[PDB]
Amino acid sequence: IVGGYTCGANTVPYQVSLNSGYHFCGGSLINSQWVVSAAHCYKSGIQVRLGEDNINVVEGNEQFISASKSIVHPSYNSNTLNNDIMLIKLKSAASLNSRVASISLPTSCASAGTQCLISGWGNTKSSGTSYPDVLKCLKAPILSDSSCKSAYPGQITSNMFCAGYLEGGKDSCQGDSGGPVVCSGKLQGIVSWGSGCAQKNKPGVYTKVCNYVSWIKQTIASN
Ligand SMILES: N=C(N)c1ccc(O)c(Oc2cc(C(=O)O)cc(Oc3cccc(-c4ncc[nH]4)c3)n2)c1
Ligand SMILES: [Ca+2]
Ligand SMILES: [Ca+2]
């Protein structure tokens, strides 16, 4: 996250860190046994870290649980990043408390202009590299589809939305992938891709969650 602020320990209780010996992607807890992340974050041997603030310090409210099953969306296309969403089932149920909570699925899509909260442990520099140890937050509006498509001709599908600022300076970035985009209390997006970070006229691109609720609900119920 570029140009955001320190969230504060456990202010985003549904935020998950995917670890394979190090942090490599964010995720969202949707219930005691399931996590939603981006398909491009798929790896074998994932450990889900819940209740995290500083990812390099054991602060006391963490739960570390291995993944038993990973399910990449059936139509995920690694070339276009169309349908960039995956579900991760935990080995054992997480213990929900004030620091570890689930986020609800939307009952409808959100309008352009709606303010969202994006969070992650990704790079905080526009051009350069600096990774934070603590969770970073950013408030950003969903952009009109026409501005999204104008920034990335021929690359935006109906399963994607842009959020951010056209003027640059504030965005998600490498390390934030798979992380939540919450608008009006519902998970509306997943950090997917971009062109650089916080660059002018290059907003962040996010998986549009509202198109996947029946797939999510049906998949979890059968696994
Ligand atoms: N500014 C952001 N909001 C943002 C969010 C997450 C990131 O990881 C990110 O940074 C990057 C970094 C690269 C890279 O170094 O190769 C690729 C990428 O997008 C890709 C990667 C792979 C494919 C594509 C692609 N294919 C066709 C459309 N887009 C884009 N995103 C930026
Ligand atoms: Ca801390
Ligand atoms: Ca920690």
# chains A, B, ... in the order shown; residues from 1 in each chain; ligands from 1
$ residues_around --residues "residue 171 of chain A" --least-positions-apart "3" --cutoff "6 Å" --atoms "only C-alpha atoms" --output "ChimeraX atom specification"
/A:1-2,164,198
$ residues_near_ligand --ligand "ligand 2" --cutoff "12 Å" --atoms "only C-alpha atoms and all ligand atoms" --output "PyMOL selection string"
chain A and resi 6-11+51-62+132-136
$ write_last_selection --atoms "N, CA and C atoms" --output "CSV table (one decimal), in the first residue's frame"
chain,number,residue,atom,x,y,z
A,6,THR,N,-1.0,3.5,8.9
A,6,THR,CA,-1.0,2.3,9.7
A,6,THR,C,-2.4,2.1,10.3
A,7,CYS,N,-3.0,1.0,10.0
A,7,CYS,CA,-4.3,0.6,10.4
A,7,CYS,C,-4.5,0.6,11.9
A,8,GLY,N,-3.6,0.0,12.5
A,8,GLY,CA,-3.6,-0.1,14.0
A,8,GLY,C,-3.9,-1.6,14.1
A,9,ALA,N,-3.2,-2.2,15.2
A,9,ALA,CA,-3.3,-3.6,15.4
A,9,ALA,C,-4.8,-4.1,15.6
A,10,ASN,N,-5.1,-5.1,14.8
A,10,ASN,CA,-6.3,-5.8,14.7
A,10,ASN,C,-7.6,-4.9,14.5
A,11,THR,N,-7.4,-3.9,13.7
A,11,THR,CA,-8.5,-3.0,13.2
A,11,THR,C,-9.2,-3.5,12.0
A,51,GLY,N,-5.1,-12.8,12.7
A,51,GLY,CA,-4.9,-11.9,13.9
A,51,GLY,C,-3.6,-11.2,13.9
A,52,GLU,N,-3.0,-11.1,12.8
A,52,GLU,CA,-1.7,-10.5,12.6
A,52,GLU,C,-1.7,-8.9,12.5
A,53,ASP,N,-0.6,-8.4,13.1
A,53,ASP,CA,-0.3,-6.9,12.9
A,53,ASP,C,1.1,-6.8,12.3
A,54,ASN,N,2.1,-7.0,13.2
A,54,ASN,CA,3.5,-7.0,12.7
A,54,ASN,C,3.7,-8.4,12.3
A,55,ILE,N,4.0,-8.6,11.0
A,55,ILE,CA,4.2,-10.0,10.5
A,55,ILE,C,5.5,-10.6,10.9
A,56,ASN,N,6.4,-9.9,11.5
A,56,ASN,CA,7.7,-10.3,11.9
A,56,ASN,C,7.9,-10.5,13.4
A,57,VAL,N,6.8,-10.2,14.1
A,57,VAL,CA,6.9,-10.3,15.6
A,57,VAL,C,5.6,-11.0,16.1
A,58,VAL,N,5.8,-11.9,17.0
A,58,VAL,CA,4.7,-12.7,17.6
A,58,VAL,C,4.2,-11.8,18.7
A,59,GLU,N,3.0,-11.2,18.5
A,59,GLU,CA,2.4,-10.3,19.4
A,59,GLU,C,1.4,-10.9,20.3
A,60,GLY,N,1.0,-12.1,20.1
A,60,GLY,CA,0.0,-12.8,21.0
A,60,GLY,C,-1.3,-13.0,20.5
A,61,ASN,N,-1.9,-12.3,19.5
A,61,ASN,CA,-3.3,-12.6,19.1
A,61,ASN,C,-3.3,-13.4,17.7
A,62,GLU,N,-2.2,-14.0,17.3
A,62,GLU,CA,-2.2,-14.8,16.1
A,62,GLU,C,-2.7,-16.2,16.2
A,132,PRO,N,6.6,-2.9,4.6
A,132,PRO,CA,6.3,-2.7,6.0
A,132,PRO,C,6.1,-4.0,6.8
A,133,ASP,N,6.2,-3.9,8.1
A,133,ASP,CA,6.0,-5.1,8.9
A,133,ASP,C,4.6,-5.0,9.5
A,134,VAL,N,4.0,-3.8,9.5
A,134,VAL,CA,2.7,-3.6,10.0
A,134,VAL,C,1.7,-3.4,8.9
A,135,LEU,N,0.5,-3.7,9.2
A,135,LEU,CA,-0.7,-3.6,8.2
A,135,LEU,C,-0.9,-2.1,7.9
A,136,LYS,N,-1.0,-1.9,6.6
A,136,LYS,CA,-1.2,-0.5,6.0
A,136,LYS,C,-2.7,-0.5,5.5
$ select_by_dssp --residues "segment 21-200 of chain A" --states "helix (DSSP H, G or I)" --output "number ranges by chain"
A: 39-41, 145-151
$ residues_near_ligand --ligand "ligand 1" --cutoff "8 Å" --atoms "only C-alpha atoms and all ligand atoms" --output "number ranges by chain"
A: 78-81, 152, 155-156, 171-177, 191-199, 202-206
$ residues_around --residues "residue 209 of chain A" --least-positions-apart "2" --cutoff "9 Å" --atoms "only C-alpha atoms" --output "PyMOL selection string"
chain A and resi 85+105-106+109+159-160+187-190+206-207+211-213
$ write_last_selection --atoms "N, CA and C atoms" --output "mmCIF file, in the first residue's frame"
data_model
loop_
_atom_site.group_PDB
_atom_site.id
_atom_site.type_symbol
_atom_site.label_atom_id
_atom_site.label_comp_id
_atom_site.auth_asym_id
_atom_site.auth_seq_id
_atom_site.Cartn_x
_atom_site.Cartn_y
_atom_site.Cartn_z
ATOM 1 N N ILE A 85 -9.526 -15.330 -8.468
ATOM 2 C CA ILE A 85 -10.122 -15.639 -7.153
ATOM 3 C C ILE A 85 -9.925 -17.110 -6.851
ATOM 4 N N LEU A 105 -20.117 -11.407 2.585
ATOM 5 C CA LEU A 105 -20.191 -11.379 1.106
ATOM 6 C C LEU A 105 -21.309 -10.362 0.750
ATOM 7 N N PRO A 106 -21.151 -9.670 -0.373
ATOM 8 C CA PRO A 106 -22.130 -8.665 -0.801
ATOM 9 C C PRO A 106 -23.403 -9.312 -1.307
ATOM 10 N N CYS A 109 -23.636 -5.705 -6.093
ATOM 11 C CA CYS A 109 -22.449 -4.955 -6.512
ATOM 12 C C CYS A 109 -22.596 -3.513 -5.981
ATOM 13 N N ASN A 159 -15.399 -8.932 -14.933
ATOM 14 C CA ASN A 159 -15.058 -9.462 -13.582
ATOM 15 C C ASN A 159 -14.036 -8.600 -12.867
ATOM 16 N N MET A 160 -13.787 -7.407 -13.356
ATOM 17 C CA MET A 160 -12.769 -6.513 -12.781
ATOM 18 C C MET A 160 -13.357 -5.128 -12.533
ATOM 19 N N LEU A 187 -17.288 -7.496 1.438
ATOM 20 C CA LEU A 187 -16.101 -7.727 0.590
ATOM 21 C C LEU A 187 -16.534 -7.533 -0.877
ATOM 22 N N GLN A 188 -16.086 -6.456 -1.470
ATOM 23 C CA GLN A 188 -16.419 -6.112 -2.856
ATOM 24 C C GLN A 188 -15.286 -6.428 -3.825
ATOM 25 N N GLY A 189 -14.068 -6.480 -3.318
ATOM 26 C CA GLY A 189 -12.920 -6.760 -4.174
ATOM 27 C C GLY A 189 -11.784 -7.524 -3.544
ATOM 28 N N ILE A 190 -10.914 -7.986 -4.433
ATOM 29 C CA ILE A 190 -9.668 -8.707 -4.105
ATOM 30 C C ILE A 190 -8.559 -7.985 -4.904
ATOM 31 N N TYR A 206 -9.029 -4.735 -9.468
ATOM 32 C CA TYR A 206 -9.516 -5.677 -8.459
ATOM 33 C C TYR A 206 -10.525 -6.681 -8.935
ATOM 34 N N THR A 207 -10.498 -7.906 -8.415
ATOM 35 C CA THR A 207 -11.509 -8.917 -8.836
ATOM 36 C C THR A 207 -12.859 -8.463 -8.288
ATOM 37 N N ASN A 211 -19.688 -10.796 -8.464
ATOM 38 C CA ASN A 211 -20.015 -11.734 -9.527
ATOM 39 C C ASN A 211 -19.799 -13.215 -9.140
ATOM 40 N N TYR A 212 -19.208 -13.494 -8.030
ATOM 41 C CA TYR A 212 -18.810 -14.825 -7.599
ATOM 42 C C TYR A 212 -19.479 -15.369 -6.366
ATOM 43 N N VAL A 213 -20.442 -14.653 -5.824
ATOM 44 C CA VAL A 213 -21.080 -15.132 -4.568
ATOM 45 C C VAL A 213 -21.720 -16.493 -4.677
#
$ select_by_dssp --residues "segment 144-202 of chain A" --states "strand (DSSP E or B)" --output "list in words"
residues 160, 161, 162, 163, 171, 180, 181, 182, 183, 186, 187, 188, 189, 190, 191, 192 and 193 of chain A
$ write_last_selection --atoms "C-alpha atoms" --output "tab-separated table (two decimals), in the first residue's frame"
chain	number	residue	atom	x	y	z
A	160	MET	CA	-12.77	-6.51	-12.78
A	161	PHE	CA	-13.18	-2.98	-11.37
A	162	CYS	CA	-10.69	-0.15	-10.81
A	163	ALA	CA	-10.39	1.69	-7.47
A	171	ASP	CA	-2.77	2.62	-4.44
A	180	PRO	CA	-9.57	-7.34	0.81
A	181	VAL	CA	-11.42	-4.36	-0.66
A	182	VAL	CA	-14.34	-3.66	1.73
A	183	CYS	CA	-17.11	-1.24	0.78
A	186	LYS	CA	-19.02	-6.16	2.48
A	187	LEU	CA	-16.10	-7.73	0.59
A	188	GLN	CA	-16.42	-6.11	-2.86
A	189	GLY	CA	-12.92	-6.76	-4.17
A	190	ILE	CA	-9.67	-8.71	-4.11
A	191	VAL	CA	-6.33	-6.99	-4.86
A	192	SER	CA	-5.47	-8.32	-8.32
A	193	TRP	CA	-3.07	-6.31	-10.51
$ atom_distance --atom1 "atom CA of residue 50 of chain A" --atom2 "atom CA of residue 220 of chain A"
19.4 Å
$ closest_residue --among "A:49, A:125, A:43, A:217" --to "ligand 3" --atoms "only C-alpha atoms and all ligand atoms"
A:49
$ residues_around --residues "residue 93 of chain A" --least-positions-apart "2" --cutoff "8 Å" --atoms "only C-alpha atoms" --output "ChimeraX atom specification"
/A:32-33,90-91,95
$ atom_distance --atom1 "atom CA of residue 210 of chain A" --atom2 "atom CA of residue 158 of chain A"
10.9 Å
$ closest_residue --among "A:87, A:63, A:41, A:149" --to "ligand 3" --atoms "only C-alpha atoms and all ligand atoms"
A:63
$ residues_around --residues "segment 15-17 of chain A" --least-positions-apart "6" --cutoff "9 Å" --atoms "only C-alpha atoms" --output "PyMOL selection string"
chain A and resi 23-29+35+47-52+55+100-103+119-121+179-180
$ write_last_selection --atoms "N, CA, C and O atoms" --output "mmCIF file, in the first residue's frame"
data_model
loop_
_atom_site.group_PDB
_atom_site.id
_atom_site.type_symbol
_atom_site.label_atom_id
_atom_site.label_comp_id
_atom_site.auth_asym_id
_atom_site.auth_seq_id
_atom_site.Cartn_x
_atom_site.Cartn_y
_atom_site.Cartn_z
ATOM 1 N N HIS A 23 5.722 -14.064 4.054
ATOM 2 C CA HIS A 23 4.454 -13.485 3.590
ATOM 3 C C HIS A 23 4.534 -13.319 2.071
ATOM 4 O O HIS A 23 5.474 -12.769 1.510
ATOM 5 N N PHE A 24 3.512 -13.801 1.360
ATOM 6 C CA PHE A 24 3.520 -13.635 -0.106
ATOM 7 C C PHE A 24 2.193 -13.111 -0.656
ATOM 8 O O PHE A 24 2.211 -12.732 -1.850
ATOM 9 N N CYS A 25 1.117 -13.092 0.081
ATOM 10 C CA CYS A 25 -0.181 -12.605 -0.375
ATOM 11 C C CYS A 25 -1.132 -12.409 0.838
ATOM 12 O O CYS A 25 -0.930 -13.042 1.884
ATOM 13 N N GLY A 26 -2.094 -11.548 0.597
ATOM 14 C CA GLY A 26 -3.165 -11.262 1.604
ATOM 15 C C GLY A 26 -4.338 -12.209 1.252
ATOM 16 O O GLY A 26 -4.312 -12.962 0.261
ATOM 17 N N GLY A 27 -5.329 -12.149 2.096
ATOM 18 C CA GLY A 27 -6.585 -12.948 1.937
ATOM 19 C C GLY A 27 -7.599 -12.375 2.914
ATOM 20 O O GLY A 27 -7.286 -11.513 3.753
ATOM 21 N N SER A 28 -8.829 -12.858 2.833
ATOM 22 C CA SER A 28 -9.947 -12.454 3.659
ATOM 23 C C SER A 28 -10.624 -13.678 4.292
ATOM 24 O O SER A 28 -10.953 -14.596 3.539
ATOM 25 N N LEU A 29 -10.893 -13.603 5.605
ATOM 26 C CA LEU A 29 -11.608 -14.701 6.264
ATOM 27 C C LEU A 29 -13.115 -14.508 5.991
ATOM 28 O O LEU A 29 -13.641 -13.465 6.381
ATOM 29 N N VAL A 35 -11.135 -18.995 3.577
ATOM 30 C CA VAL A 35 -10.439 -17.784 3.154
ATOM 31 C C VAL A 35 -10.571 -17.608 1.646
ATOM 32 O O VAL A 35 -10.497 -18.568 0.843
ATOM 33 N N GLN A 47 0.288 -21.602 4.599
ATOM 34 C CA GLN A 47 -0.053 -21.497 6.016
ATOM 35 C C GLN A 47 -0.795 -20.144 6.106
ATOM 36 O O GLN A 47 -0.239 -19.164 5.592
ATOM 37 N N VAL A 48 -1.940 -20.141 6.702
ATOM 38 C CA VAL A 48 -2.802 -18.967 6.895
ATOM 39 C C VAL A 48 -2.530 -18.369 8.273
ATOM 40 O O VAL A 48 -2.547 -19.038 9.313
ATOM 41 N N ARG A 49 -2.184 -17.071 8.267
ATOM 42 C CA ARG A 49 -1.867 -16.391 9.530
ATOM 43 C C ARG A 49 -2.942 -15.344 9.777
ATOM 44 O O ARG A 49 -3.066 -14.355 9.023
ATOM 45 N N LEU A 50 -3.690 -15.581 10.831
ATOM 46 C CA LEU A 50 -4.797 -14.742 11.286
ATOM 47 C C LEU A 50 -4.384 -13.922 12.516
ATOM 48 O O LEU A 50 -3.440 -14.292 13.195
ATOM 49 N N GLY A 51 -5.113 -12.845 12.745
ATOM 50 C CA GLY A 51 -4.913 -11.937 13.881
ATOM 51 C C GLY A 51 -3.589 -11.218 13.900
ATOM 52 O O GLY A 51 -3.092 -10.758 14.949
ATOM 53 N N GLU A 52 -2.958 -11.089 12.752
ATOM 54 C CA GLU A 52 -1.669 -10.456 12.574
ATOM 55 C C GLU A 52 -1.668 -8.949 12.495
ATOM 56 O O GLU A 52 -2.557 -8.316 11.894
ATOM 57 N N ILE A 55 4.030 -8.621 10.977
ATOM 58 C CA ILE A 55 4.212 -10.003 10.501
ATOM 59 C C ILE A 55 5.541 -10.636 10.882
ATOM 60 O O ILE A 55 5.751 -11.844 10.587
ATOM 61 N N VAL A 100 -9.971 -11.490 15.317
ATOM 62 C CA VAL A 100 -10.123 -12.431 14.203
ATOM 63 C C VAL A 100 -11.621 -12.558 13.928
ATOM 64 O O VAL A 100 -12.333 -13.169 14.738
ATOM 65 N N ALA A 101 -12.024 -11.947 12.826
ATOM 66 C CA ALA A 101 -13.466 -11.938 12.477
ATOM 67 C C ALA A 101 -13.578 -12.150 10.970
ATOM 68 O O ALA A 101 -12.587 -11.860 10.263
ATOM 69 N N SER A 102 -14.758 -12.583 10.578
ATOM 70 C CA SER A 102 -15.023 -12.835 9.149
ATOM 71 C C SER A 102 -15.681 -11.604 8.551
ATOM 72 O O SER A 102 -16.220 -10.748 9.296
ATOM 73 N N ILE A 103 -15.621 -11.484 7.243
ATOM 74 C CA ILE A 103 -16.214 -10.360 6.516
ATOM 75 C C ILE A 103 -17.362 -10.910 5.689
ATOM 76 O O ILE A 103 -17.224 -12.011 5.104
ATOM 77 N N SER A 119 -6.400 -3.033 2.291
ATOM 78 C CA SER A 119 -5.356 -3.224 3.356
ATOM 79 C C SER A 119 -4.365 -4.292 2.963
ATOM 80 O O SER A 119 -4.653 -5.173 2.133
ATOM 81 N N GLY A 120 -3.126 -4.179 3.477
ATOM 82 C CA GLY A 120 -2.119 -5.201 3.116
ATOM 83 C C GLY A 120 -0.742 -4.842 3.666
ATOM 84 O O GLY A 120 -0.537 -3.733 4.231
ATOM 85 N N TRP A 121 0.153 -5.788 3.446
ATOM 86 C CA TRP A 121 1.570 -5.633 3.881
ATOM 87 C C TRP A 121 2.470 -5.468 2.665
ATOM 88 O O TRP A 121 3.680 -5.810 2.785
ATOM 89 N N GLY A 179 -5.600 -9.589 -1.018
ATOM 90 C CA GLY A 179 -6.146 -8.821 0.055
ATOM 91 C C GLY A 179 -7.538 -8.259 -0.206
ATOM 92 O O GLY A 179 -7.951 -8.195 -1.373
ATOM 93 N N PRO A 180 -8.192 -7.845 0.888
ATOM 94 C CA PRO A 180 -9.570 -7.339 0.810
ATOM 95 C C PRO A 180 -9.751 -5.909 0.356
ATOM 96 O O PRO A 180 -8.908 -5.041 0.539
#
$ residues_around --residues "segment 140-145 of chain A" --least-positions-apart "2" --cutoff "8 Å" --atoms "only C-alpha atoms" --output "PyMOL selection string"
chain A and resi 111-118+138+147-149+161-165
$ write_last_selection --atoms "N, CA, C and O atoms" --output "PDB file, in the first residue's frame"
ATOM      1  N   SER A 111     -21.650   0.742  -6.444  1.00  0.00           N
ATOM      2  CA  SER A 111     -21.603   1.815  -7.424  1.00  0.00           C
ATOM      3  C   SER A 111     -20.247   2.521  -7.491  1.00  0.00           C
ATOM      4  O   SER A 111     -19.591   2.600  -6.457  1.00  0.00           O
ATOM      5  N   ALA A 112     -19.922   3.050  -8.656  1.00  0.00           N
ATOM      6  CA  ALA A 112     -18.683   3.879  -8.792  1.00  0.00           C
ATOM      7  C   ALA A 112     -18.837   5.021  -7.791  1.00  0.00           C
ATOM      8  O   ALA A 112     -19.967   5.510  -7.472  1.00  0.00           O
ATOM      9  N   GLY A 113     -17.743   5.459  -7.186  1.00  0.00           N
ATOM     10  CA  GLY A 113     -17.832   6.543  -6.195  1.00  0.00           C
ATOM     11  C   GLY A 113     -17.925   6.045  -4.776  1.00  0.00           C
ATOM     12  O   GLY A 113     -17.656   6.825  -3.843  1.00  0.00           O
ATOM     13  N   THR A 114     -18.289   4.790  -4.565  1.00  0.00           N
ATOM     14  CA  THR A 114     -18.377   4.185  -3.232  1.00  0.00           C
ATOM     15  C   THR A 114     -16.940   4.114  -2.663  1.00  0.00           C
ATOM     16  O   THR A 114     -16.014   3.752  -3.396  1.00  0.00           O
ATOM     17  N   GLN A 115     -16.836   4.514  -1.408  1.00  0.00           N
ATOM     18  CA  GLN A 115     -15.568   4.507  -0.674  1.00  0.00           C
ATOM     19  C   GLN A 115     -15.322   3.086  -0.127  1.00  0.00           C
ATOM     20  O   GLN A 115     -16.235   2.447   0.454  1.00  0.00           O
ATOM     21  N   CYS A 116     -14.077   2.646  -0.285  1.00  0.00           N
ATOM     22  CA  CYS A 116     -13.667   1.307   0.188  1.00  0.00           C
ATOM     23  C   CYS A 116     -12.364   1.418   1.018  1.00  0.00           C
ATOM     24  O   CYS A 116     -11.641   2.422   0.923  1.00  0.00           O
ATOM     25  N   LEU A 117     -12.132   0.378   1.798  1.00  0.00           N
ATOM     26  CA  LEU A 117     -10.921   0.231   2.616  1.00  0.00           C
ATOM     27  C   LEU A 117     -10.130  -0.958   2.040  1.00  0.00           C
ATOM     28  O   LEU A 117     -10.682  -2.059   1.917  1.00  0.00           O
ATOM     29  N   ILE A 118      -8.917  -0.654   1.641  1.00  0.00           N
ATOM     30  CA  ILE A 118      -7.982  -1.643   1.065  1.00  0.00           C
ATOM     31  C   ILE A 118      -6.858  -1.809   2.099  1.00  0.00           C
ATOM     32  O   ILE A 118      -6.485  -0.777   2.731  1.00  0.00           O
ATOM     33  N   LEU A 138      -5.854   1.878   3.380  1.00  0.00           N
ATOM     34  CA  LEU A 138      -6.060   2.958   2.387  1.00  0.00           C
ATOM     35  C   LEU A 138      -7.548   3.034   2.033  1.00  0.00           C
ATOM     36  O   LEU A 138      -8.145   1.992   1.716  1.00  0.00           O
ATOM     37  N   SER A 147     -13.471   4.923 -16.985  1.00  0.00           N
ATOM     38  CA  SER A 147     -12.081   5.355 -16.664  1.00  0.00           C
ATOM     39  C   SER A 147     -11.161   4.148 -16.512  1.00  0.00           C
ATOM     40  O   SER A 147      -9.942   4.267 -16.813  1.00  0.00           O
ATOM     41  N   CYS A 148     -11.692   3.056 -16.012  1.00  0.00           N
ATOM     42  CA  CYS A 148     -10.880   1.818 -15.847  1.00  0.00           C
ATOM     43  C   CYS A 148     -10.404   1.273 -17.179  1.00  0.00           C
ATOM     44  O   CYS A 148      -9.242   0.926 -17.405  1.00  0.00           O
ATOM     45  N   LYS A 149     -11.325   1.202 -18.114  1.00  0.00           N
ATOM     46  CA  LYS A 149     -11.146   0.706 -19.489  1.00  0.00           C
ATOM     47  C   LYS A 149     -10.285   1.626 -20.330  1.00  0.00           C
ATOM     48  O   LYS A 149      -9.539   1.117 -21.189  1.00  0.00           O
ATOM     49  N   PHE A 161     -12.782  -4.379 -11.614  1.00  0.00           N
ATOM     50  CA  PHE A 161     -13.178  -2.976 -11.374  1.00  0.00           C
ATOM     51  C   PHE A 161     -11.878  -2.288 -11.003  1.00  0.00           C
ATOM     52  O   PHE A 161     -10.910  -2.948 -10.542  1.00  0.00           O
ATOM     53  N   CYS A 162     -11.818  -0.980 -11.197  1.00  0.00           N
ATOM     54  CA  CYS A 162     -10.688  -0.154 -10.811  1.00  0.00           C
ATOM     55  C   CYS A 162     -11.131   0.626  -9.554  1.00  0.00           C
ATOM     56  O   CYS A 162     -12.331   0.977  -9.400  1.00  0.00           O
ATOM     57  N   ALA A 163     -10.164   0.848  -8.681  1.00  0.00           N
ATOM     58  CA  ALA A 163     -10.395   1.685  -7.472  1.00  0.00           C
ATOM     59  C   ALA A 163      -9.094   2.455  -7.315  1.00  0.00           C
ATOM     60  O   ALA A 163      -8.044   1.930  -7.764  1.00  0.00           O
ATOM     61  N   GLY A 164      -9.171   3.656  -6.762  1.00  0.00           N
ATOM     62  CA  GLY A 164      -8.014   4.482  -6.528  1.00  0.00           C
ATOM     63  C   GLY A 164      -8.261   5.933  -6.930  1.00  0.00           C
ATOM     64  O   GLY A 164      -9.392   6.425  -6.913  1.00  0.00           O
ATOM     65  N   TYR A 165      -7.166   6.522  -7.333  1.00  0.00           N
ATOM     66  CA  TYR A 165      -7.024   7.924  -7.746  1.00  0.00           C
ATOM     67  C   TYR A 165      -6.216   8.035  -9.032  1.00  0.00           C
ATOM     68  O   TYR A 165      -5.017   7.649  -9.083  1.00  0.00           O
TER      69      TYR A 165
END
$ atom_distance --atom1 "atom CA of residue 72 of chain A" --atom2 "atom CA of residue 42 of chain A"
7.5 Å
$ closest_residue --among "A:64, A:153, A:21, A:216" --to "ligand 3" --atoms "only C-alpha atoms and all ligand atoms"
A:64
$ decode --residues "segment 95-149 of chain A" --atoms "C-alpha atoms" --output "compact mmCIF listing (two decimals), in the first residue's frame"
# COMPACT_ATOMS: atom_id res chain seq x y z
CA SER A 95 -11.38 -19.16 16.77
CA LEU A 96 -13.32 -15.97 16.07
CA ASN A 97 -12.81 -13.19 18.62
CA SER A 98 -12.47 -9.42 18.60
CA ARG A 99 -9.17 -9.67 16.67
CA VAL A 100 -10.12 -12.43 14.20
CA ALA A 101 -13.47 -11.94 12.48
CA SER A 102 -15.02 -12.84 9.15
CA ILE A 103 -16.21 -10.36 6.52
CA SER A 104 -19.57 -10.76 4.79
CA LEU A 105 -20.19 -11.38 1.11
CA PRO A 106 -22.13 -8.66 -0.80
CA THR A 107 -25.80 -9.11 -1.70
CA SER A 108 -25.26 -6.74 -4.64
CA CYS A 109 -22.45 -4.95 -6.51
CA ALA A 110 -21.34 -1.44 -5.47
CA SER A 111 -21.60 1.81 -7.42
CA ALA A 112 -18.68 3.88 -8.79
CA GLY A 113 -17.83 6.54 -6.19
CA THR A 114 -18.38 4.19 -3.23
CA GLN A 115 -15.57 4.51 -0.67
CA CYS A 116 -13.67 1.31 0.19
CA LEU A 117 -10.92 0.23 2.62
CA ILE A 118 -7.98 -1.64 1.07
CA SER A 119 -5.36 -3.22 3.36
CA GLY A 120 -2.12 -5.20 3.12
CA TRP A 121 1.57 -5.63 3.88
CA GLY A 122 2.72 -4.81 0.34
CA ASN A 123 5.30 -2.30 -0.92
CA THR A 124 4.76 1.28 0.27
CA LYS A 125 6.87 2.95 -2.45
CA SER A 126 5.62 4.24 -5.81
CA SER A 127 8.91 3.49 -7.58
CA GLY A 128 11.35 1.73 -5.28
CA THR A 129 10.98 -0.96 -2.61
CA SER A 130 10.09 -0.81 1.04
CA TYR A 131 8.02 -3.45 2.76
CA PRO A 132 6.28 -2.66 6.02
CA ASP A 133 6.03 -5.07 8.94
CA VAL A 134 2.67 -3.62 10.05
CA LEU A 135 -0.66 -3.62 8.22
CA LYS A 136 -1.23 -0.53 6.05
CA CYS A 137 -4.71 0.79 5.16
CA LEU A 138 -6.06 2.96 2.39
CA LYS A 139 -9.44 4.52 1.67
CA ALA A 140 -10.21 4.70 -2.08
CA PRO A 141 -13.33 5.05 -4.22
CA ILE A 142 -14.43 2.64 -6.91
CA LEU A 143 -13.83 4.34 -10.30
CA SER A 144 -16.18 4.43 -13.26
CA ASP A 145 -15.80 1.49 -15.64
CA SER A 146 -15.15 3.91 -18.47
CA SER A 147 -12.08 5.35 -16.66
CA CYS A 148 -10.88 1.82 -15.85
CA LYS A 149 -11.15 0.71 -19.49
